[PDB]
Amino acid sequence: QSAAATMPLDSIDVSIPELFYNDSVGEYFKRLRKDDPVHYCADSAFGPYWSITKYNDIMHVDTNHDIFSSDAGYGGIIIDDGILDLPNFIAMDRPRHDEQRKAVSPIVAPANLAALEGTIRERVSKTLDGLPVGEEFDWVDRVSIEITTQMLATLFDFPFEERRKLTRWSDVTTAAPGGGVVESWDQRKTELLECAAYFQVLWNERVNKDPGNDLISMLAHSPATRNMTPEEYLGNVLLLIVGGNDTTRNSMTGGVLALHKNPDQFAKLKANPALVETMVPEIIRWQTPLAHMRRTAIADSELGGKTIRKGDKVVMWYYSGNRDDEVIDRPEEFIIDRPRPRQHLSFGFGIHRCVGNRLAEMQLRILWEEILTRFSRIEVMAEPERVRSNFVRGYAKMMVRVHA
Ligand code: HEM
């Protein structure tokens, strides 16, 4: 591959998934932020697109939804244009998005989340109490996937023993025949109707009981949801499951890798466990579990001296903006005690900013509070295998050992 530092600017294609896989893409982003920060690529595997590489420019795009649209009709919200017809509120503009999002934001209520803490902690405690000590195991399988699946079961108060159903339904939602996940579109449809039937049982059992602190109770007792159709219910449930699943997984894996690579920060965290609160947002900045989101321009506009034309694909590279030293001090450093650790892009900004963020951060905080009480070190034994994606910045496997 060409040297990012000196190659022609017009040869730089940051969408190439291999560059995320081998984790060199950061070098190309570094070159763009310095030398062409609103960067047009005329030809790629995804078609032509703009790369928005700097923190303030990315915020401008994300918070200007009347110019930069998320609508599924234009191709949706990933660089790769999109294809059972369920409303998908992340790929929707005003006014429809707002009522679908308002249904669900009870999950943003700190009051509500506070009621889940004890359940989260007991579930994390049991997993960590079961890990081998001094023996190698796959952190991704044993902790990240396991704990994320708990977090979704907690959110829905889903029958805990059946929680693997949630990750199966997550896998099916983005599957296509030939992939070895589903063998046909019928099977996929059949499984997602089984999901709708299950969640409908849950709703039927809860609507006439005192409400719990889970989402299904809250939706069922909330007067705002009177006119919520079964398609909206299923679309909301699958969007939450997908939105929470790999992002939280990769944040759980990422913070272990960061602390291994910065053992001085891990020394500071053990000496002051209260830093868990300011460390969790740093993990999320450092990992940038979703590396981009995309938009489509619906009107000409100017950005960074460039004209972005109506119809053009515009890619907000959150992973780049989270390395932008004009906003973030020493951005390549993992620092668990920054003064404003929530100054990052990993959750986006604007009307589509992550609705799950407070639940993710609570889950991550409780995870680490519970690690710190148990283990003196979490040692990464081999370079983890990364995911080959330009969207998911994540890890398929990471071998570790824990020490008492
Ligand atoms: C560290 C974990 C997470 C990260 C890094 C993350 C990231 C993001 C990003 C980048 C967006 C779009 C932001 C934008 O376009 O401006 C988003 C939206 C969203 N996320 Fe999260 N997310 C995480 C966890 C969660 C969790 C735990 C849930 C569910 C419980 C969730 C549910 C959603 C939903 C439903 C949306 C769509 C919001 C809307 O369109 O109004 N996410 N997330």
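Quick reminder, even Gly has a Cβ in these numbers, built from the backbone with ideal geometry, and neighbours come from all protein chains shown. A short reminder: the numbers here are calculations on the coordinates, not readings from a lab.
See the values below:
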item: The listed residue being of a type in the set (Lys, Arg), over 22 Å from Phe89 (Cα atoms) and either in contact with a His (Cβ under 9 Å, 6 or more places away or on another chain) or within 16 Å of the ligand (Cβ to nearest atom) (or both), out of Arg206, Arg142, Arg164; result: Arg206
item: Contacts under 7 angstrom Cβ, first residue in segment 352-377 being small (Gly, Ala, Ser), partner more than 16 Å from the ligand (Cβ to nearest atom), 6 or more apart; result: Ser376/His403; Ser376/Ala404
item: Counted residues, segment 322-374 - those being β-branched (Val, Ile, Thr) and in contact with a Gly (Cβ under 9 Å, 6 or more places away or on another chain); result: 3
item: Of all residues making up segment 284-295, the number that are closer than 14 Å to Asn357 by Cα, assigned to a helix (DSSP H, G or I) and either more than 15 Å from the ligand (Cβ to nearest atom) or touching a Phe, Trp or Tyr at 6+ places or on another chain (Cβ under 8 Å) (or both); result: 1
item: Members of segment 218-273 found to be basic (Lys, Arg) and crowded, with 18+ Cβ neighbours inside 10 Å, listed by number; result: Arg249
item: Test: residue in segment 58-73 that is surrounded by fewer than 18 Cβ atoms within 10 Å (Cβ to Cβ), in a helix (DSSP H, G or I), among the charged types (D, E, K, R) and out of contact with any strand residue (DSSP E or B) (no Cβ under 9 Å at 6 or more places or on another chain); result: no
item: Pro331 being outside any strand (DSSP E or B), over 22 Å from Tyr49 (Cα atoms) and in contact with a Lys or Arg (Cβ under 6 Å, 6 or more places away or on another chain); result: yes
item: Candidate set: segment 120-174, residues that are part of a helix (DSSP H, G or I) and of a type in the set (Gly, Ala, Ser); chosen: the one surrounded by the most Cβ atoms within 10 Å (Cβ to Cβ); result: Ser144
item: Residue match in segment 227-247 (condition: within 19 Å of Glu361 (Cβ to Cβ), part of a loop (DSSP other than H, G, I, E, B) and within 15 Å of the ligand (Cβ to nearest atom)); result: no
item: Close pairs from segment 48-77: first within 19 Å of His344 (Cα to Cα), partner outside any loop (DSSP other than H, G, I, E, B) and of a type in the set (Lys, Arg), Cβ under 7 Å, at least 6 apart; result: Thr53/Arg33; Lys54/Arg33; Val61/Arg295
item: Residue tally, condition within 13 Å of the ligand (Cβ to nearest atom) and either under 15 Å from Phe29 (Cβ atoms) or over 21 Å from the mean Cα position of the chain (by Cα) (or both), over segment 297-328; result: 7
